[PDB]
Each structure stands twice: as structure tokens, then as C-alpha cells.
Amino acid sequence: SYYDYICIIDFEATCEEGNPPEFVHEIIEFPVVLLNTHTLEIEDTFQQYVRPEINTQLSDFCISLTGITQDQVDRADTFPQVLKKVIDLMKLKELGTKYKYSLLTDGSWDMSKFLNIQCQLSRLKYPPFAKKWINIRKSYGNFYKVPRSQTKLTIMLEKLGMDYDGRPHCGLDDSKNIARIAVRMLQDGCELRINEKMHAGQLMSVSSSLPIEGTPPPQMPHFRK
């Protein structure tokens, strides 16, 4: 039987203009949006900013694209501290123990790039609970049967006859819009399910024809020795 909760995560990260290929991203915003699959309502939202430690000064391009200011990241906890809190929130809403749940992200960068890089930077083991997720862009592409380029957030909203609510590149607002699409897709009868994973630190697909399996209750990973 189906997930009780979909847990939507969409990060914001440091960046440069022109998107330089060798620039080391760090997570600067870690939102969580909890969607109850039964009531189809967004039940919980939590926002937290993260303080980068490598490239600590946000670029102008970044401050403007995301809206996040230096004073915000400066006053924020470091990633491991923020992760402990996200895990504590998840533990509070009893995910993995009382309720069957799954992660959902918009694309495959949040887990396989941003969280992946960040854990290396923070010297953390990659948290098991985040090794499998629902990439909604993929879900959408397969459900409505459109090429990959048509699954950009902008187009998904447009084609479903919806609007972008709130600020672009603000992770919380982004996550909420994502959840709003999830709802709509569930309503259109699409069974959202895990379709992507990490394996040997590489992005890999996951068979869509296999039974619904909950994500394990989250734990706080240790520091890599």
C-alpha cells in the first residue's frame, strides 16, 4: 500500500554566474514540505538556512538569484547541525516508524549533486534515508508522455494550468509548488513512486514496476572517519 507522506526537499546552493563547471556548491537553504497523501494537504513546512564553510561569501549572482542574503547565511547553522534538525523534525512527524513515507525532489540534482557534494564537504556519511527518491520531473515525463525538456518546473505548471506561487529560487516556495504538482498528479491518477537512486555515488534509475517500499526512518549519519 501507498506512502502516507511525501517529503519534498528542494535545496538552494551557492553558485556563480555562467555556472562555472568546477565551482564547489554548498547547500545554503534546506526546506522540508510534508505532503499527506491521504488528505492531499501540505501538513508541515520547515525552512532553515545553512552557513557555507568553503566559499563562505555568497556571490552577487547568488544573492540575487535566490534572494538569500549574506547576513542570513552568516547567522545560520552549519550543514551537519541543520541536518540533525531536519532529522529531528522527521522523527517528530514519525516518518519511517508510524508512517510510510518517501522523498520527492524536482529533478535529480538535489540528492545526487547538492546533498552528495555537501556530505563530502561536511565529512558525513551520505544518509541512507536519502539514497532513493521520486524525481517528479521523471514521473511527469513518463505519466504525461513528454520529452525531458518539457518537464522544467515552468512548463509543468503552465501545462497543468497553474501558477508559480511566491518567489522563484526560494527553496521553500519552490518545494510548495512542487508539492502542488504532486497533488495534482496524484489526482490525475498517477501513482508517484521512487524512480531514482544513488549507487556507488552515481545516479541510477529504479524500476517503476516494483512494489511500493517505504524509506527507512531517518538516522543522523556519523562523521566519516
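The first residue of the sequence shown is number 1, and the count goes up from there.
A.B. asks: Of the two stretches 125-133 and 106-114, which shows the higher Cα B-factor on average in the entry?
C.D. replies: So the stretch with the higher mean C-alpha B-factor is 106-114.
A.B. asks: Mean CA B-factor: is it higher for 139-147 or for 96-104?
C.D. replies: Of 96-104 and 139-147, the stretch with the higher C-alpha B-factor average is 96-104.
A.B. asks: For the CA B factor values reported in this entry, which option in 42, 63, 32, 183 has the top one?
C.D. replies: Comparing C-alpha B-factors across 42, 63, 32, 183, the maximum falls on 42.
A.B. asks: Pull the Cα B-factor of residue 28 out of the PDB entry and bin it into the chain's lowest, middle or highest third.
C.D. replies: Lowest third of the chain for residue 28's C-alpha B-factor.
A.B. asks: Residue 159: which third of its chain by C-alpha temperature factor?
C.D. replies: Bottom third by C-alpha B-factor.
A.B. asks: Split into thirds by Cα B-factor across the chain's modelled residues, where does residue 68 land: lowest, middle or highest?
C.D. replies: Within its chain, residue 68 is a lowest-third residue by C-alpha B-factor, going by the deposited values.
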